[PDB]
Asker: 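Right, I'll just put the structure down here and ask away after.
Counting starts at 1 for both ligands and their atoms, following the listed order. In what follows, every chain begins at residue 1, and chains take the letters A, B, ... in the order their sequences are listed. Basis for what follows: all heavy atoms, side chains included, without hydrogens, waters or symmetry-related copies.
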Amino acid sequence: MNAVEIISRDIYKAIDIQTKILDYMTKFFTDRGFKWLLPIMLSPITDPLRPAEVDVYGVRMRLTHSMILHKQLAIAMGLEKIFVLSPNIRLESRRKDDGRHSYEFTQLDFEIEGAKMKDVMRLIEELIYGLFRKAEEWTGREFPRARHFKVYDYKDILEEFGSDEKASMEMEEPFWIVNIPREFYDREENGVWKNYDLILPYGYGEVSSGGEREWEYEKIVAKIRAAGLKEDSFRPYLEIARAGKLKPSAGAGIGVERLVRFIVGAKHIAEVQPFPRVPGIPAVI
Amino acid sequence: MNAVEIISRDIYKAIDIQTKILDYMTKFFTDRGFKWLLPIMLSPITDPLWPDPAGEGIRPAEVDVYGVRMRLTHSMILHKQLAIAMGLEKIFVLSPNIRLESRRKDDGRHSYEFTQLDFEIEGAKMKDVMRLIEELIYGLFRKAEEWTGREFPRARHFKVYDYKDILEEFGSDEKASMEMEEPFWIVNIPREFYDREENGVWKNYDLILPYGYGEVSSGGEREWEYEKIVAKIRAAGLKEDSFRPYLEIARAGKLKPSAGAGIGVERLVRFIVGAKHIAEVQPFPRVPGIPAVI
Ligand SMILES: Nc1ncnc2c1ncn2[C@@H]1O[C@H](COP(=O)(O)O)[C@@H](O)[C@H]1O
Ligand SMILES: Nc1ncnc2c1ncn2[C@@H]1O[C@H](COP(=O)(O)O)[C@@H](O)[C@H]1O
Ligand SMILES: NC(=O)C[C@H](N)C(=O)O
Ligand SMILES: NC(=O)C[C@H](N)C(=O)O
Ligand SMILES: [Mg+2]
């Protein structure tokens, strides 16, 4: 699509839904006493998940992969409960152009001081359930009805369906995948990862991801080294961890476009974006 | 300052005010039928921010995306016009901007990363947008008195001054701001190609806060005609090459008359808490000319 074709698409309904979704979600969090933060796009540190880079007054800065580390820093500042509509940049290859990836997207990213994994899962369930009932009033269609979703261990997913891909295809209710070996910020205890991904049914895939966090220096540094990452990619973060100023917390990020896609029923996520950002295809506009 | 000093700052109060402000402003627009758009951070094209009396002529940060040069968002002005061209009628976005300005703009009012609530309205005129902004601001200030217990400017409408008369009378909008005790409008400012110009009159407006706090909002009616637009780009010595896909859309006759504005969120928060320096309202300061540690 050239520039003129991009702007000649019909996208009014998807944007209408998006507006209702953003209004609903931001209110859900402010009603529960969350502080509303603004995002940052450039920092010496970002989610390790190679991040694009740019020089800023002579210093190399990474474009934000995600704000996970900054959420932990906000908790360390004593903000208690925070969320942000955070734009992310993730330059995946043509292979990830599967209808559910975009190389620029926003997540509603939130964190809570002292929360446990079941608290956050329950909180997301409350949000999704309320939202699905509204989506029925908005679009005169029917959505998944469960108040709580089934919980699968990552290994049970691999065993029964082979992949989270096949899992999503087979299901008709959202479902959780838990205990997923991941990054250094996710808390691991007794070989169990205290983390969680909410998966949508009908092949739509992941919509939310989160976990309890590591806050202890030695444990964090061990997992970084263990993964073969350079500790100096996280220097200022590790200095706050060393000062013992990280606090226990838990949170998650919700993919806004993925949620909008599900509620509108769009085949490709590009259809709900006024300016598509398709993996492997540099945007025309 | 260093990481531990930053996280040690006390800014709970500013963030609490910010939360109430964001809640208030987004509701203001959704209540009025505006569509809520998500931001874009990377694009082949962005706001030149030039000509502009308020700028020094910075170049956008750039990064390759699949081998192709992309500019980090200076502002979403061109994208706002494209949204109007897609028929969305009334739109807003909480748009982050990256503007790598020099130490000379570290005046307490600038940060090199910030968010503006950026909005646009098909068919609107400058008086319409200015009146909408006054409505938003008046109502915000009334709520702020309850949130803070302090008093705020009570004006329901603000006085209007020509840019040219500001320069002759005060010497600068900075000095004008120091002398005023209520918000005020400065209009008719020769600047970027996208603001509408008719017979030497620019159909644009800046809202200036009192007490030296300076500009908090900027907007204008827009150009939509290809030939008019291209002529202005050429006369400023900018390159058509820098706006290629946008000019394609203009050439096809698909831009529509519209007007809008951007409102500085952090600048507004700073005003309401009475912060000396905008960095005091940001969990992660972005001081012009100084690379942030986090
Ligand atoms: N529109 C999106 N494009 C790419 N990644 C996304 C998008 N929305 C959310 N994500 C993130 O993608 C990750 C999941 O990877 P994947 O299994 O490939 O779906 C999570 O960290 C999500 O936060
Ligand atoms: N460097 C900055 N730091 C904080 N806010 C800014 C900055 N630049 C612009 N703004 C805000 O964004 C609005 C629109 O941007 P602009 O018209 O480009 O100057 C301004 O009226 C300010 O409220
Ligand atoms: N990159 C991610 O998806 C991380 C996720 N938002 C979290 O809070 O853990
Ligand atoms: N200069 C800018 O940031 C553009 C402004 N947001 C407008 O609507 O005119
Ligand atoms: Mg301005």
Asker: When only distance counts, is B/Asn97 in polar contact with ligand 4, meaning an N/O pair under 3.5 Å?
Answerer: no
Asker: What is the nearest protein non-hydrogen atom to atom 9 (O) of ligand 4, stated with its residue, atom name and distance?
Answerer: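 Nearest protein contact, heavy atoms only, for atom 9 (O) of ligand 4 is B/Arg222 NH1, 3.0 Å.
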Asker: N/O/S atom of B/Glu215 under 2.8 Å from the Mg ion (ligand 5), yes or no?
Answerer: yes
Asker: Below 4.0 angstrom, N of the basic side chain to O of the carboxylate: do B/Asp107 and B/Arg109 qualify?
Answerer: yes
Asker: Can you tell which part of B/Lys80 has a heavy atom less than 4.0 Å from ligand 4: side chain, backbone, both or neither?
Answerer: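 Side chain only; the backbone of B/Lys80 stays clear of ligand 4.
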Asker: Is there a side chain to side chain donor-acceptor pair (under 3.5 Å) between A/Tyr185 and A/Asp47? Walk through the geometry before answering.
Answerer: CA-CA 9 Å; A/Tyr185 49 77; A/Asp47 196 334; 2.9 Å; yes
Asker: Check whether any N or O atom of B/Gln116, backbone or side chain, sits under 3.5 Å from an N or O atom of ligand 4, and answer yes or no.
Answerer: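 Yes, there is a polar N/O contact under 3.5 Å.
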Asker: Looking only at heavy atoms, is any part of B/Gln81 under 4.0 Å from ligand 4, and if so is it the side chain, the backbone, or both, or is it neither?
Answerer: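 Near ligand 4, B/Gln81 shows nothing, with every heavy atom at 4.0 Å or more.
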Asker: Does the plane of the ring in A/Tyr152 sit parallel, tilted or perpendicular to the ring in A/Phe161? Use 30° and 60° as the thresholds.
Answerer: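 Answer is perpendicular, since the angle exceeds 60°.
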Asker: Evaluate A/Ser102 for polar contact with ligand 1, using N/O atom pairs at a separation under 3.5 Å.
Answerer: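 So ligand 1 has an N or O lying under 3.5 Å from an N or O of A/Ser102.
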Asker: Could you label the plane-to-plane angle of the A/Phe275 and B/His79 rings as parallel, tilted or perpendicular, counting under 30° as parallel and over 60° as perpendicular?
Answerer: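 Because their plane-to-plane angle is over 60°, the rings of A/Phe275 and B/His79 count as perpendicular.
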Asker: Salt bridge or not between B/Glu89 and B/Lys35? Use side-chain N to carboxylate O under 4.0 Å.
Answerer: no
Asker: Can you tell me the protein heavy atom closest to atom 5 (C) of ligand 4 and the distance?
Answerer: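 Here the nearest protein heavy atom works out to B/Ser218 O, 3.6 Å.
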Asker: Salt bridge or not for A/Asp186 and A/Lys194, using N-O below 4.0 Å?
Answerer: no
Asker: Of A/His101, A/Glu206, A/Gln107, A/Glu257, which has the heavy atom at the shortest distance from atom 18 (O) of ligand 1?
Answerer: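 That would be A/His101.
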Asker: One residue to check: B/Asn204. Relative to ligand 4, which of side chain, backbone, both or neither has a non-hydrogen atom less than 4.0 Å away?
Answerer: neither
Asker: Of the side chain and backbone of B/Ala261, name the one, both, or neither that has a heavy atom under 4.0 Å from an atom of ligand 4.
Answerer: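 The answer is the backbone of B/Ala261.
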Asker: B/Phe28 ring centre to B/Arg32 NZ or CZ under 6.0 Å, with the angle to the axis within 45°?
Answerer: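 Yes, B/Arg32 lies over the aromatic ring of B/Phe28.
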